[PDB]
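K.L.:
Protein chains in written order, with full-length UniProt numbering: chain Z, 10 to 46; chain V, 1 to 62; chain G, 15 to 461; chain U, 19 to 46; chain D, 3 to 84; chain W, 13 to 352; chain F, 1 to 35; chain L, 10 to 344; chain E, 7 to 40.
Note that beta-carbon positions come from the ideal geometry of N, C-alpha and C, so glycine has one too.
One structure coming up, written as structure tokens, with questions to follow.
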Amino acid sequence: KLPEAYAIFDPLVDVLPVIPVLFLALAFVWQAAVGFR
Amino acid sequence: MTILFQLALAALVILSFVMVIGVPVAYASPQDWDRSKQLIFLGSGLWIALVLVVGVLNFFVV
Amino acid sequence: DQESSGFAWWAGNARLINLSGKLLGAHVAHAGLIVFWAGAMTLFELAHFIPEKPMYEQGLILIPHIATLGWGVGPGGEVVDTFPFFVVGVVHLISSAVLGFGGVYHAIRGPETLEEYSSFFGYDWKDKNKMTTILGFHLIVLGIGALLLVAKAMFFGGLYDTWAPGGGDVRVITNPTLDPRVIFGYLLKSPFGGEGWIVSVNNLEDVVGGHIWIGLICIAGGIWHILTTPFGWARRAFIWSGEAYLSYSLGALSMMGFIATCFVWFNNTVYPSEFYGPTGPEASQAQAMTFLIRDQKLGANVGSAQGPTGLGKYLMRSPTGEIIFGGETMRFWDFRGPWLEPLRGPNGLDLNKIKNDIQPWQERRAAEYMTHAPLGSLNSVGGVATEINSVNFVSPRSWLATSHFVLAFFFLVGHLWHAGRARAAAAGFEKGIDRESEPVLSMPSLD
Amino acid sequence: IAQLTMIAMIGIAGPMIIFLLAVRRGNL
Amino acid sequence: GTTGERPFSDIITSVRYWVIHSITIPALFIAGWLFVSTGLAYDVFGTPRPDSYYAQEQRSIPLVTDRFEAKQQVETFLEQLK
Amino acid sequence: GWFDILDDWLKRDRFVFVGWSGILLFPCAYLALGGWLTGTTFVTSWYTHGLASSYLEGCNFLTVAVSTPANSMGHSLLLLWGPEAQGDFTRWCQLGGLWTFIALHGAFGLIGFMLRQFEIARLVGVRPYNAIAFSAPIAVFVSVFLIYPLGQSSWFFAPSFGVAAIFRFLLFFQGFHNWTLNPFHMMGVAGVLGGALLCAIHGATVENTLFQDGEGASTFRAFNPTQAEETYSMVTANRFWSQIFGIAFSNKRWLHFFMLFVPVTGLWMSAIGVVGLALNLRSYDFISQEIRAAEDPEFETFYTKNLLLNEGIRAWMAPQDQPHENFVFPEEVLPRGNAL
Amino acid sequence: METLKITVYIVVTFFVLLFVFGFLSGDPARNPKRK
Amino acid sequence: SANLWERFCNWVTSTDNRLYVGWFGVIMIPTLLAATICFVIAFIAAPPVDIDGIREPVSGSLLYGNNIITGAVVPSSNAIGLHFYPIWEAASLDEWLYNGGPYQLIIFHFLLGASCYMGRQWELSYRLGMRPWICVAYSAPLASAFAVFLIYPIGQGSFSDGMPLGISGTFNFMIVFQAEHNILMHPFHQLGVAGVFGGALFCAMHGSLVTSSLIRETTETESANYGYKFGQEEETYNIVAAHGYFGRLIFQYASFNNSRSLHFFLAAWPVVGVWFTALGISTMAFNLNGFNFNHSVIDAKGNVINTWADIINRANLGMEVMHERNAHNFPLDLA
Amino acid sequence: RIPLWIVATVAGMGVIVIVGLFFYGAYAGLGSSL
Ligand code: CLA
Ligand code: CLA
Ligand code: CLA
Ligand code: CLA
Ligand code: CLA
Ligand SMILES: CC1=C(/C=C/C(C)=C/C=C/C(C)=C/C=C/C=C(C)/C=C/C=C(C)/C=C/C2=C(C)CCCC2(C)C)C(C)(C)CCC1
Ligand SMILES: CC1=C(\C=C/C(C)=C/C=C/C(C)=C/C=C/C=C(C)/C=C/C=C(C)/C=C/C2=C(C)CCCC2(C)C)C(C)(C)CCC1
Ligand SMILES: [Cl-]
Ligand SMILES: [Fe+2]
């Protein structure tokens, strides 16, 4: 498991992996905002 | 040392969160990034030290 | 700057084909996502990692990659120190921010083009020299990397050798096979049953050795390209454009994607069954082992046992005469593995060793691998499609192999697609047939 | 226990860094 | 290219809409939730609760075996504390 | 006259065209879709098949379904107010009344919908080849969800409305009817598979034989919504295929009619095959094969192999697939190969 | 039988050469316009 | 002679050939002729093949008691596995026909040629000045043959596990597959039937809409087809009347008015769907099978409450328990 | 007036949330196996 100290961040690291996907998503938020040019 | 470690490490997280939302809107709206080129620089510089703080400081807690 | 009067929205990234600067941001921001993943995932894996439990039973695919390089493990793949895992994970995670910075910068602040803001970095797709040169730079960076492995193995610690004399363990390779006849021999090996081509590497000497050759040969070509231009044919053969170059690299990854799929599925050496799961053939072999072992203890003479078809319940012969395990497992008689080798003789499985040299660690090894074959469902339910819920497991070898075949495939389509466009782009009709000069209309009727 | 707290913020973070740009109107 | 109806786009954007639907949408939601969470749904559809498939001992199924006296037969199945 | 005023209103060009047909379509179509969505989440199949079949019980989008009524019900229409349910709603649900509900309602909904096509076509003044085509899907629904079970013992053997609940319908037909070996089913697949080819091939042929009518790469905008010239080189397409396949179209009117024929004829054939499976008049075996297999123990074809697979399917499934038969098959009677 | 192997091998080499020396022969050139 | 080879290359690549023998063709034409000729001879006169390597020959040729529906070309022996088995690897033909030699000669040559056939579908498009990508549509059906004839065998460890070359032989491949992988319960397969059903659907959709909105130019007693001449300038149907009807069937914005966007969809749907189905067989070739919801929903006491998912499992066990009667010697089927 | 692109990305996450709750429910509910 995560080294004793960082344990408080266990929950945090639990979500980190999924982040990359968000970027692919974000690109769509953007285009929508800029009214699909 | 321990709390001192949890401070640096936790602050390093909030700085990143702020830095991550910062740098974009910064280069984004050219309403400056000259006055913010100052803010961003301090954010970038600070960050590095922080990582190095958490770095060396890790070997004392864990 | 760039909008609909460039490309359509859903083809947005193609508007960057001619904006060197911004097109660099992409590659630097992207390369961040890969580092980000690698790092963020390692920490995710470790966060769930349970030391006293097989890695393959925990859905790991990165920690076992580190383990192979001799890190945090010891005898038989026993996990000693989880620090190297944590390190590799956090280090990457950090560097992702650094790269990500540059990415974001070059794509929204910095020069939108490079050519003027520095002629050294700026480039021209058709500039056969700049291309062969940048390519030359990367051919060196990759070359040093290939040596970065050779170093870790020979000097900095070693790698996990499952074939370890005393039984699987971290070993320092200090005798890399450098004999070209052997090294390059692999490339001349058949890709079918038995002779397995590259995937047939079965010892670290060749691995380390082969990497030495690649490291050099690569940097050698790295310099050659810095100091040259494509010849004559090299120019009258290929298409020189931003897309065409992409395509070439697409088919390249595709091919490597297929090769990787077969490596993780078949190879035992560079993919230790101790960290990943047992290979497909290894598990089916293990069943034969297990039951030949069992029934023999019940007083059965394995050597002369006749099964339903009259072929040999436990032991039979391969098409070339060697003694192999019986049953449907006759198809995997090409399997070699630490646990099973000491039973093999000069003619295949020796009836005497099998009769009294079977060791306990082998019986439970066979049992272990038998009950952990790479069979499972999407929802992660280990076993045959007809099995019951209880054992939540799907071999890492199954995950890797499938994911990478899908990727490899689509990339071959990607290849075709970008290669087909480049050829039409070049010659100039990738946007429709010229209403006026319609080529077909100038050709004689075949009727 | 409920690290959904995390996701939530880093989730609204993405649209935010472009929303603030719709306010400060510029460079989208 | 048009008909009487007010262009969805306008409506999905009108602050009036949300002022209405911020109330209406969650309302329906919380309703349906309660429909399940209050066990009402189970009775509206005769659907067995996790503890109502078999009687404690019995391991047989309450298969309806005849059309006309089915309803009557079904009721009897609920009898054995099923 | 009110009639013409009633008409007037209906045939008014709205967002969602109503029409006379709509008076039949919308009521049913909505009830059909509704009943499914209802049962899918709330009603059970315990008292009917001894199966959990709704979200409320724990089933997921794949395992959920509106299961058929008991075998006891027979071919009963199972009306809410009929002898079975007796006006009671809850009972109705537990006796699988929602099946005949969805079935019969949806059935009329398909009549209405085709009528709609017919009605809307007339108004817009176009030919009704959209209606002719839609006869194929009707035939399928009619033959499979009605004609088939009408030939069997009861509605219980009709396909239950659900994803997984349909997969067993497939497996059943294999195991019991050896449906894959049926000439009509084959034609069926030949049409659907071959129809999904024409779709793909024609689409690709068009997109890559287009004229240039714009200066952009994304040639989509470059299209003239108001006819005129052909948007793609029909002449180039012809030469292409004529050299790569040897055969090629050259009459868009025929090429397009062909695209209607192939998948519609296919579905029709697949229907007839099932209409025969109702009476169990299947295409199970080849007599010449069985006779040689009896006398000669070394004769083995991929056909004989398959029949054994069927034997296993029937023996191992029948117990929990046909509860009303109270089947009890001792372990020793269960056909099995070696080891497995 | 050892012959057949040889023959086949030759035959396959022929066509495979014809193929490589083919696209090599300035294939991009071969097309309607730009070349 | 302008230069023999220079001419040769001009002929091969010539767009004036009745059939465009391309560069890819130079590999295609021979490989496909070997495959077909070997097939036709096999299917008609080949002798029994010990497919399962257990000395239990399965005859699948006409002359040996089979008919079109049952007959097939049987896969190479399981004793051979993934080993290369060319004619020159056998003491005699007699041995080669017994170990299912023809099968490999066929699958390898076909897959090879069928690939070049794609490569050609590009080449001619190039030589004619038309956009490429047609070959990319054909990449889906090809990627299936590959998945069914090569990927699955590599994955499963033997060519004896590849789909046989025959009607009934194919049904065997399916029934068994389902038992060992539960394909019907796999996302990729479902997307596959979606693409195929959808395809046929849309194929009927387009087909009908268009043919029904044709501009009149024909007599009452004259084929409506004649109202079109090969090499027309303007369109032969009212795509605006078509859209007008279909737009009213459902609702306007849910209807195509752009022939180009229509035809892309028409091609995109099936190809994408079949691409996934091909990835399904290629993924389940590494034992990553369909969803296993066996004994999922259980009651308050622990009793197992069956779902349709379970009824499917019984049907699957029957296939499992009965396939390859004499081929298994041990408990688990790991091959 | 509420900007469309926001109506979507909000209604969007809102769906990923509910559909994700379903996916969680598959490892806890009655549809579990435990
Ligand atoms: C893909 C990699 C890459 C490339 C090709 C470039 C290229 C460029 N960047 Mg740059 N950049 C990158 C990544 C990259 N960057 C990253 C990750 C960041 C974030 C930190 C930045 C941040 C950045 C800024 C802030 C700026 C540039 C600028 C520039 C341009 C001017 C060149 C210059 O800065 O000289 C720099 C001088 C060097 C040649 C010395 C670099 C030597 C370093 C210290 C060692 C690197 C070690 C390396 C990783 C290992 C390789 C060794 C191996 C071969 C053995 C140039 C086009 C400038 C620009 O916009 O001007 C137009 C500018 O202001 N970049
Ligand atoms: C691998 C992912 C990726 C990357 C790296 C890029 C990169 C890029 N795209 Mg892009 N794109 C992508 C995916 C990606 N795209 C996808 C999936 C689509 C389809 C939806 C598009 C569609 C698309 C279009 C249609 C266009 C681009 C354009 C561009 C370029 C200009 C960027 C821009 O317009 O800023 C806009 C700036 C903003 C509105 C701010 C965005 C927020 C930033 C970038 C994210 C911050 C990251 C992180 C949160 C902060 C880290 C800070 C920390 C390090 C301290 C740029 C090189 C444009 C172009 O052609 O160049 C002129 C363009 O027109 N893209
Ligand atoms: C491609 C490389 C790869 C591989 C081989 C794995 C492998 C694995 N991951 Mg993983 N992962 C990856 C990338 C990869 N990951 C990435 C990029 C991320 C960031 C999002 C994650 C995030 C992640 C998490 C958060 C977790 C894993 C876990 C796991 C393990 C359990 C597998 C699982 O349960 O699958 C189940 C997943 C599926 C069934 C989803 C299939 C999705 C397919 C690809 C969608 C295809 C649809 C298609 C694209 C639609 C397009 C068509 C349209 C355009 C028309 C397994 C070892 C788990 C673990 O470690 O626990 C033990 C775990 O918790 N991974
Ligand atoms: C991966 C990085 C890389 C890349 C992208 C290139 C790219 C290129 N190199 Mg190159 N090169 C590299 C690494 C690389 N090189 C290295 C490491 C070396 C040192 C060994 C060289 C040495 C080198 C030389 C000496 C030359 C090039 C040349 C060229 C150019 C033309 C090559 C060509 O026409 O091939 C097409 C080749 C064919 C027509 C022959 C195809 C037959 C192949 C080899 C066998 C069949 C492949 C098969 C499918 C794979 C199976 C595996 C096999 C082992 C069994 C091209 C730009 C040429 C040039 O133009 O110089 C500037 C040239 O003369 N390179
Ligand atoms: C107009 C569209 C429509 C149609 C065609 C149907 C059709 C049907 N519904 Mg239905 N239904 C509809 C709308 C429609 N529904 C709506 C909107 C609802 C929601 C309120 C329902 C709710 C509903 C339920 C709850 C049920 C049905 C059922 C049924 C079926 C059997 C009912 C029956 O026996 O009718 C009988 C036919 C008539 C009453 C028509 C009579 C017309 C004549 C001309 C009038 C004569 C009257 C006069 C008094 C007679 C004098 C004779 C004298 C000797 C006494 C049938 C297929 C049942 C079913 O599905 O069972 C499986 C069922 O339980 N429906
Ligand atoms: C926090 C943190 C961190 C990190 C961070 C990051 C880096 C982040 C990123 C983030 C992101 C990056 C996010 C994103 C998100 C996104 C989203 C959430 C999206 C959504 C979208 C949508 C929902 C869509 C919609 C739509 C539709 C559906 C239709 C069409 C149109 C549109 C597109 C609109 C760190 C590590 C430092 C540490 C810890 C803390
Ligand atoms: C261009 C563009 C784009 C893209 C972008 C990108 C791609 C980006 C990237 C980015 C990135 C790539 C980022 C990164 C970040 C990172 C970070 C920020 C980091 C952090 C870290 C940390 C924080 C550390 C540490 C730790 C540890 C050590 C343990 C405990 C926990 C923690 C985590 C704390 C888009 C599409 C949007 C749109 C268009 C434009
Ligand atoms: Cl069989
Ligand atoms: Fe068309």
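What are the start and end residues of the alpha helix (DSSP H) that includes L:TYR126?
P.N.:
110–136
K.L.:
On a CA-only basis, which of U:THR23, U:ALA40, U:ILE25, U:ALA26 is nearest E:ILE8? Give me that one, please.
P.N.:
U:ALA40
K.L.:
Suppose the cutoff is 7 Å on Cβ atoms and the five residues either side in sequence are ignored; what does the same chain contact list for L:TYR73 look like?
P.N.:
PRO56, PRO57
K.L.:
Report yes if the CB atom of W:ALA170 is closer than 8 Å to the CB atom of W:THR52, and no otherwise.
P.N.:
no
K.L.:
Starting from the C-beta of W:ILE284, find all residues in its chain whose C-beta is less than 6 Å away, skip the five residues before and the five after it, and write them out in chain order.
P.N.:
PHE196
K.L.:
For L:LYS238, does the count of other Cβ atoms within 10 angstroms reach 16, so buried, or fall short, so exposed?
P.N.:
Under a 10 Å Cβ-count criterion, L:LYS238 is classified as exposed, with fewer than 16 other Cβ atoms of the shown protein chains found around its own Cβ.
K.L.:
Taking the alpha-carbon positions, what's the W:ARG326 to W:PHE184 distance?
P.N.:
8 Å
K.L.:
G:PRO244: beta carbon under 7 Å from a heavy atom of ligand 4?
P.N.:
Distances from the CB of G:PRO244 to the heavy atoms of ligand 4 include at least one below 7 Å.
K.L.:
Could you give the first and the last residue of the continuous beta strand (DSSP E) run that contains L:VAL67?
P.N.:
L:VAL67 -> no beta strand (DSSP E), and no H or E assigned at all.
K.L.:
Using only the heavy atoms of ligand 4, determine whether one of them is closer than 7 Å to the beta carbon of F:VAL20.
P.N.:
yes
K.L.:
May I have the straight-line CA-CA distance separating L:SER264 from L:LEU271, to the nearest angstrom?
P.N.:
The straight-line gap from Cα to Cα measures roughly 9 Å.
K.L.:
Cβ of G:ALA248 within 7 Å of any heavy atom in ligand 4?
P.N.:
A heavy atom of ligand 4 is found nearer than 7 Å to the CB of G:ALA248.
K.L.:
CB of Z:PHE32 to nearest heavy atom of ligand 7: below 7 Å?
P.N.:
yes
K.L.:
Relative to ligand 2, is the shortest distance from any of its heavy atoms to the C-beta of Z:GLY44 smaller than 7 Å?
P.N.:
no
K.L.:
Taking a contact to mean a Cβ-Cβ separation below 8 Å, would you say W:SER88 touches D:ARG18 in this structure?
P.N.:
no
K.L.:
Counting Cβ pairs closer than 8 Å, one from the stretch 247–260 of chain G and one from the stretch 140–156 of chain G, do we hit at least three?
P.N.:
yes
K.L.:
On the three-state DSSP scale, how would you describe W:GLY62?
P.N.:
The DSSP-derived three-state label of W:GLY62 is coil.
K.L.:
Within 10 angstroms of the Cβ of W:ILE256, are there 16 or more other Cβ atoms? Answer buried if so, exposed if not.
P.N.:
buried
K.L.:
Can you list the residues of chain E that L:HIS195 reaches, using a CB-CB cut of under 8 Å?
P.N.:
Chain E residues near L:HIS195: none, gap ~17 Å exceeds 8 Å.
K.L.:
Over what stretch of residues does the alpha helix (DSSP H) that includes E:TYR30 continue unbroken?
P.N.:
10–31
K.L.:
Could you tell me the alpha carbon to alpha carbon distance between E:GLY35 and Z:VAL30, rounded to whole angstroms?
P.N.:
E:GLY35 and Z:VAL30: Cα-Cα distance of roughly 27 Å.
K.L.:
Of all the CB atoms in chain Z, is at least one closer than 8 Å to the CB of E:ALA34?
P.N.:
no
K.L.:
Any contact between the stretch 203–210 of chain G and the stretch 83–93 of chain L? By contact I mean 3 or more CB pairs, one from each, below 8 Å.
P.N.:
yes
K.L.:
Only counting the same chain, and skipping five residues up and downstream in sequence, which positions put a Cβ closer than 7 Å to that of G:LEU37?
P.N.:
Within the same chain, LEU30 come within 7 Å of G:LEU37 by CB-CB distance, once the 5 residues on both sides are set aside.
K.L.:
Compare the Cα-Cα distances from G:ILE187 to each of G:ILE226, G:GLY446, G:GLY150, G:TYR200 and report the closest residue.
P.N.:
G:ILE226
K.L.:
Leaving out five residues before and five after L:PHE33 in sequence, what residues of the same chain have Cβ atoms less than 7 Å from its Cβ?
P.N.:
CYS125, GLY128, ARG129, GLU132
K.L.:
Check whether the Cβ of V:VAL13 lies closer than 7 Å to any heavy atom of ligand 6, and answer yes or no.
P.N.:
yes
K.L.:
Listing by chain order, which chain E residues have their CB less than 9 Å from the CB of U:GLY44?
P.N.:
In chain order: nothing, as chain E lies at least about 16 Å away.
K.L.:
Does the beta-carbon of L:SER167, which I'm using as the reference point, lie nearer than 7 Å to any heavy atom of ligand 3?
P.N.:
no
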